[PDB]
2 protein chains.
Amino acid sequence: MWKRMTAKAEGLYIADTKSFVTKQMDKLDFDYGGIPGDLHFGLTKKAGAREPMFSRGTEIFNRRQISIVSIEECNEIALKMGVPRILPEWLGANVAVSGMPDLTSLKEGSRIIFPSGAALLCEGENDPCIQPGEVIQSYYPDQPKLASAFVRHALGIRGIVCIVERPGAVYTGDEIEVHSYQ
Amino acid sequence: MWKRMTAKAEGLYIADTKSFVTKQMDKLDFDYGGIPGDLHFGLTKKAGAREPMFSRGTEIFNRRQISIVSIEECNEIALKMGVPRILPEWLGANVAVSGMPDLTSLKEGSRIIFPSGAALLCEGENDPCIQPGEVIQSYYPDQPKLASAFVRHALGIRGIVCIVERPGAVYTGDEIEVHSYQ
Ligand SMILES: [Cl-]
Ligand SMILES: [Cl-]
Ligand SMILES: [Cl-]
């Protein structure tokens, strides 16, 4: 029920301010709760549109600690939107991987392990919202309705979110071991 | 993306000793990490046969904070095993529900919410192991090879495991609101 495959962490990024657009780093520390100093770090978070069964603002466990996208799927989004490129930073990703053209399909329960031993527990698909779409729009202001275009074309290829299962440091270019749940 | 369903918490149980076998409680407190005082309580746990991508004993995040089974699937296990009954306690369950068919199939990402607001985040199917099988065998000494029969017949209907998404108290008989993912 565990099929193993090797992939690569092409880029690492952190949201060190209130902005969700991340900035590239040569290294990141993964600890329980996520990336220390990152916008989504912590044991808890406030409920929002992603957790509609809770009243907005309700304090709940922070399930979306780390955001991952694959270079292949980002290129796929770019093509579908008719734009030259889509940067992981614009989507607020913390890790951009290569060698995973179907990353979004990685089932919950799967693990992604780094050379240091740091490990991520897959918490499923990251549903596309309008915000990143509006960010993409700002980079191509001469192209109409890109925000809604993102929400439409990114569905199923916008990446996944994970919880930190084991602490450890991660570095740019790290070869990763994916344990795909079956 | 979410389907609402209603179920009922028929029983609540805690493992207050070193044994995973639980005992009925009229009330339980859910907090991040599970049930305070319970054998499986904690933000972390030690890796075992269930998390083979880690060496045994490795400290990792505890995604198996609360275990749930349904009265209906326990009856199903009993039928397939040829025994009068299978108690949630013997499987080390913390919550026994009724009113929701195929509990084990509840998708990861689903939410189970109690009247007090206490909420559980589904972390998937609970794989059956030999231990509860040995407990069952001890209650039916006249029955042969029940331990192995349990692992065999309980597969796919042994319940689920969850993490606590929102703290709160839960009581026997509580009506629960289930948000089924997909
Ligand atoms: Cl409330
Ligand atoms: Cl989004
Ligand atoms: Cl088991």
Side-chain angles (χ1 to χ4, degrees), chain A residues 47 51-55 58-61, chain B residues 2-17 19-41 64-79 83-126 128 132 135-136 139 154 157-181:
Chain A
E51 309 86 9
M53 64 284 300
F54 298 106
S55 295
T58 302
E59 183 174 62
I60 58 181
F61 173 72
Chain B
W2 304 95
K3 177 186 179 183
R4 311 183 201 67
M5 317 173 116
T6 299
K8 180 181 177 189
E10 294 291 355
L12 299 178
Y13 319 78
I14 191 177
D16 69 326
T17 75
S19 171
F20 64 72
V21 179
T22 54
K23 70 174 179 181
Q24 174 172 24
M25 291 296 271
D26 181 55
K27 168 194 178 177
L28 290 181
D29 287 302
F30 285 170
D31 195 16
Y32 301 115
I35 301 157
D38 177 73
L39 177 67
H40 303 104
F41 179 75
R64 295 171 59 79
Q65 297 173 17
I66 303 287
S67 66
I68 305 178
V69 300
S70 68
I71 295 301
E72 299 93 336
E73 290 184 320
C74 283
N75 280 341
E76 183 179 358
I77 294 172
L79 248 56
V83 295
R85 50 193 298 155
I86 293 290
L87 297 187
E89 296 97 306
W90 303 343
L91 307 188
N94 299 119
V95 184
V97 304
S98 67
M100 181 174 84
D102 309 315
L103 165 74
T104 298
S105 294
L106 188 66
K107 302 297 181 175
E108 289 89 333
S110 296
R111 266 70 170 202
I112 295 177
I113 304 179
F114 292 75
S116 68
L120 301 182
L121 167 67
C122 185
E123 284 294 320
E125 197 175 330
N126 188 11
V135 169
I136 298 173
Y139 277 102
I157 60 175
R158 192 236 177 293
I160 60 175
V161 283
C162 304
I163 57 175
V164 172
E165 181 163 31
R166 192 189 183 188
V170 295
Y171 307 87
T172 299
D174 270 352
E175 171 184 57
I176 54 171
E177 179 187 66
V178 178
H179 297 272
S180 191
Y181 182 68

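Lettering follows sequence order; numbering is per chain, from 1. Basis for what follows: all heavy atoms, side chains included, without hydrogens, waters or symmetry-related copies.
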Using only atom types and a distance under 3.5 Å, with no angle test, would you say the side chain of [X] pairs donor to acceptor with the backbone of [Y]?
X        : Y        : value
B/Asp31  : B/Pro167 : no
B/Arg111 : B/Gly109 : yes
B/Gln65  : B/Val164 : yes
B/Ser70  : B/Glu73  : yes
B/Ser110 : B/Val178 : no
B/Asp29  : B/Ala169 : no
B/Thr22  : B/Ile14  : no

Does any non-hydrogen side-chain atom of [Y] lie less than 4.5 Å from one of [X]?
X        : Y        : answer
B/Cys122 : B/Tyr181 : no
B/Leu28  : B/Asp38  : no
B/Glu72  : B/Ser98  : yes
B/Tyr13  : B/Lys23  : no
B/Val95  : B/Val170 : no
B/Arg4   : B/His179 : yes
B/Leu91  : B/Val135 : no
B/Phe20  : B/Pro132 : yes

Between [X] and [Y], what is the shortest heavy-atom contact and its length?
X        : Y        : result
A/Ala47  : A/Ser55  : CB-O, 3.8 Å
B/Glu108 : B/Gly124 : CG-N, 3.4 Å
B/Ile71  : B/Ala96  : CD1-CB, 4.1 Å
B/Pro101 : B/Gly99  : CD-O, 3.8 Å
B/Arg158 : B/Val69  : O-CG1, 3.6 Å
B/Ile66  : B/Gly34  : CD1-CA, 3.9 Å

Spatial distance of atom [atom1] ([X]) from atom [atom2] ([Y]) [nearest 0.5 Å]:
X        : Y        : atom1 : atom2 : value
B/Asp174 : B/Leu12  : CG    : CG    : 7.0 Å
B/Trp90  : B/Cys74  : CH2   : SG    : 10.0 Å
B/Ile176 : B/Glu10  : CD1   : CD    : 10.0 Å
B/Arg166 : A/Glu59  : CZ    : CD    : 9.0 Å
B/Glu165 : A/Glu51  : CD    : CD    : 7.0 Å
B/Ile112 : B/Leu106 : CD1   : CG    : 5.5 Å

Applying side-chain contact (heavy atoms from CB on, under 4.5 Å) to B/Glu123 and B/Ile160, what does each step give before you reach the verdict?
CA-CA 7 Å; B/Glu123 284 294 320; B/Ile160 60 175; over 6 Å; no
With sequence neighbours excluded, what pairs up with B/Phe114 under the ring-ring contact (aromatic ring centres under 6.0 Å, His included) test?
B/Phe30
